[PDB]
Amino acid sequence: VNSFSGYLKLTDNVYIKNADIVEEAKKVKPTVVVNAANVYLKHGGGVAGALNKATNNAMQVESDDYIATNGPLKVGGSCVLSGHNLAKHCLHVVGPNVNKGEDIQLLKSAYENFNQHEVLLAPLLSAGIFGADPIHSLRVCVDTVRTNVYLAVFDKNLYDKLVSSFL
Ligand SMILES: O=C(Nc1ccc(C(=O)N[C@@H]2c3ccccc3CC[C@@H]2C(=O)O)cc1)NC1CC1
């Protein structure tokens with residue numbers, strides 16, 4: 001049993017809710033919150049900009065030190081950093097950004113990072129301002145992630161569309 005409340009069960013291991021991942025993280029304090037990161041860990045907009053704002057920019061400060069030491073991530077890759085006031089850890093995962101012309105096939109590799117964590121709170125990778133189809137992202141998620149994932153969907157109309165079209 002875990003403390004994720006009001007989620008709709010999609011499969012054995014994937015659950016979904018219309019909610020602000022910022023509020024969900026603050027409330028549940030999950031072991032892992034997933035950030036929709038870019039390779040430079042520049043948290044400017046969308047999930048990344050929101051999670052960073054909620055940390056009072058501490059996420060960005062930590063991220064800048066990470067990049068200075070290690071260099072950029074790979075598209076499809078990830079790193080584990082602090083969750084600050086939101087979670088124990090933040091898994092920064094880079095899905096392909098279609099608005100940058102990146103290869104959507106890398107979305108499966110991006111979701112494979114979730115399998116290293118037994119339970120996660122997460123957004124849809126490559127969706128929103130990353131430019132890919134959100135129905136597609138949910139499908140890749142369910143077909144790739146085997147660990148327990150709680151997907152918080154910010155946009156109410158998108159949430160309704162995702163539930164109603166889920167196969
Ligand atoms: O800004 C705040 N949260 C906050 C800000 C931005 C987001 C965000 O970009 N979400 C994405 C998104 C957005 C629109 C349409 C589709 C998608 C799909 C991917 C992702 C998702 O929802 O899975 C989420 C939360 N909170 C403070 C109170 C205002």
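None of the figures in this text is laboratory data; all of them are computed from the coordinates on show. Reconstructed Cβ throughout: ideal geometry from the backbone, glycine too, with neighbour counts over all protein chains shown.
If R₀ is 30 angstrom, what is the calculated FRET efficiency for the pair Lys26 and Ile135, using the beta carbon separation as r and rounding to 0.05? Don't skip to the answer; put the middle values down first.
Numbers: r = 28 Å, r/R0 = 0.94.
Once rounded, the FRET efficiency stands at 0.60.
In whole Hz and in residue order, list the ³J(HN,Hα) couplings for region 156-167 that follow from phi through the Karplus curve 6.51 cos²θ - 1.76 cosθ + 1.60, θ = phi - 60°; x for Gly and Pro.
4, 5, 5, 3, 4, 5, 5, 4, 5, 9, 6, 9
Which percent, nearest 5, of DSSP beta bridges in region 8-163 are antiparallel?
Values: 7 of 22 bridges.
In region 8-163, approximately 30 percent of DSSP beta bridges are antiparallel ones.
Using the alpha-carbon centroid of each, what span in Å lies between region 144-167 and region 1-50?
Each part reduced to its Cα centre gives a spacing of 11 Å.
Quick one: order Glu62, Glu23 by neighbouring beta-carbon count within 10 Å, fewest to most. Walk me through the intermediate numbers first.
Details: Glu62 16, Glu23 12.
Lowest to highest Cβ neighbour count: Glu23, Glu62.
Kindly write out, for region 3-20 in residue order, the coupling ³J(HN,Hα) from the Karplus curve 6.51 cos²θ - 1.76 cosθ + 1.60 (θ = phi - 60°), rounded to whole Hz, with x marking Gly and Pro.
After applying 6.51 cos²θ - 1.76 cosθ + 1.60, I find 8, 6, 10, x, 7, 9, 6, 9, 9, 3, 10, 10, 10, 9, 8, 7, 7, 7 Hz.
Non-local amide H neighbours of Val34 (under 5 Å, H modeled in plane, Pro and chain starts lacking H): which ones?
Amide H neighbours of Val34, under 5 Å, 5+ apart: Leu91, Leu121, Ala122.
Which of these, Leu138, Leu51, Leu125, has the largest mean-square fluctuation under a Gaussian network model of the chain (Cα springs below 10 Å)?
Judging by the Gaussian network model, the answer is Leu138.
With charges only on Cβ, +1 for K and R and -1 for D and E, what is the dipole size of the chain about its Cα centre, in debye, rounded to 20? Write down the numbers at each step before the final one.
Values: 15 positive and 15 negative charges, 47 e Å.
That gives the chain a dipole magnitude of about 220 debye.
Near the amide H of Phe154, under 5 Å away, which other amide H atoms are found, from residues 5 or more places off or on another chain, if H is placed in the peptide plane?
Answer set, sorted by chain and number: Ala19.
Relative contact order of the chain: what whole-number percent is it, with Cα pairs under 8 angstrom and at least 6 residues apart? Let's see the in-between values first.
On the way: 323 pairs, mean separation 47.3, N = 167.
28 percent.
Using modelled backbone amide H atoms (1.01 Å from N, in-plane), which distant-in-sequence or interchain residues come within less than 5 Å of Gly83's amide H?
Long-range HN contacts for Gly83: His89, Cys90.
Show that you can apply the helix-only estimate: for the chain, add -39,500 (n - 2.57) for every DSSP H stretch of four or more residues, divide by all residues, and state [θ] at 222 nm to the nearest 500.
On the way: 6 runs with 58 residues, N = 167.
Dividing the helical sum by the residues of the chain leaves -10000 deg cm²/dmol.
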